[PDB]
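One chain follows as structure tokens, the form deposited in one PDB entry.
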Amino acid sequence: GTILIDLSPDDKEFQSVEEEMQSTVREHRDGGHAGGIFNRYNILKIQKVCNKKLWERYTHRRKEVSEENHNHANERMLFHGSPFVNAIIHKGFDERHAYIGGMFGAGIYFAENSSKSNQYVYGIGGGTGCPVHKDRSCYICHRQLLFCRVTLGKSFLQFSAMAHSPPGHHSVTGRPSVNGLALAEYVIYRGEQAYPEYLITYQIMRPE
């Protein structure tokens, strides 16, 4: 039931999504090991993901969470990188998209920094890099990230350097406590608490 609608680069929606992608790049403590060495992207395409059934599943859960949290869903737009993006846009998020070994337990992980989500496009730790060249810093191959609508509800704050949400909470927030330039990461434990709204196709750019 999924269709993908191409956005024009002249569309304000394309431009605001691209700006969020580009402006949330940062340097990573691995010196580029997992995601590659870059300061910006070449955005090739941005598609809107349209699936009525998946959207209704999201909004149903969002209403449940809102009602448990003084009419506040605490909805964010966050990045998700995964080798399973093609499954996710067709069938939705579920337990198979969880990071079993994540620092906040087995849940589905999202990032404010697009460059954090970029580290996971080819697998955990970048896997073995792109399928074609086996290069985690490949500047040729096309990569894809999701820009997702995510319901956090009442989020458990973890200060730091599928399972269940902590009791009385709907998500976990991983607050950076060492790297002053890192943005937060978030974990949900129910696939219905995210909708994969934009599919972004891109390359990382080699710095000059």
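Here, rigid core means the biggest group of C-alpha atoms that superpose within 1.5 Å across both forms. All residue numbers are counted from 1 along the displayed sequence.
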**Q.** Coordinates absent for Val49 in a third or more of other entries
**A.** no
Q.
As a check of understanding, is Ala161 unmodelled in at least a third of the other compared entries that model its flanking residues?
A. yes
Q) If you count the residues of the deposited sequence that sit between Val178 and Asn179 but have no coordinates, do you get none, 1 to 3, 4 to 9, or 10 or more? A) none
Q) Once you work out the mean C-alpha B-factor for both 72-80 and 117-125 from the entry, which is higher? A) 117-125
Q) With respect to the recorded C-alpha B factors, which stretch has the higher mean value, 45-53 or 143-151? A) 45-53
Q. Out of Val172, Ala161, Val65, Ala182, which shows the largest CA B-factor listed in the entry?
A. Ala161
**Q.** CA B-factor placement of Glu197, once the chain's modelled residues are sorted into thirds
**A.** middle
Q | Modelled-residue ranking by C-alpha temperature factor, third containing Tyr109 | A | lowest
Q: Rank-wise, by C-alpha B-factor, drop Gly36 into the lowest, middle or highest third of its chain.
A: lowest
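The form deposited in another entry exists for this protein as well; it is not shown, and the discussion that follows is about that form.
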Q. Relative to the superposed core, which single residue of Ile43, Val49, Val65, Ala182 shows a CA shift of 2 Å or more between the shown form and the other one?
A. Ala182
Q: Would you mind telling me if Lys116 and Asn179 are closer or farther apart in the other form than in the shown form, C-alpha to C-alpha, with a 3 Å or larger change?
A: farther
Q | Direction of Cα pair change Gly125-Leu181 in the other form, magnitude 3 angstroms or more | A | closer
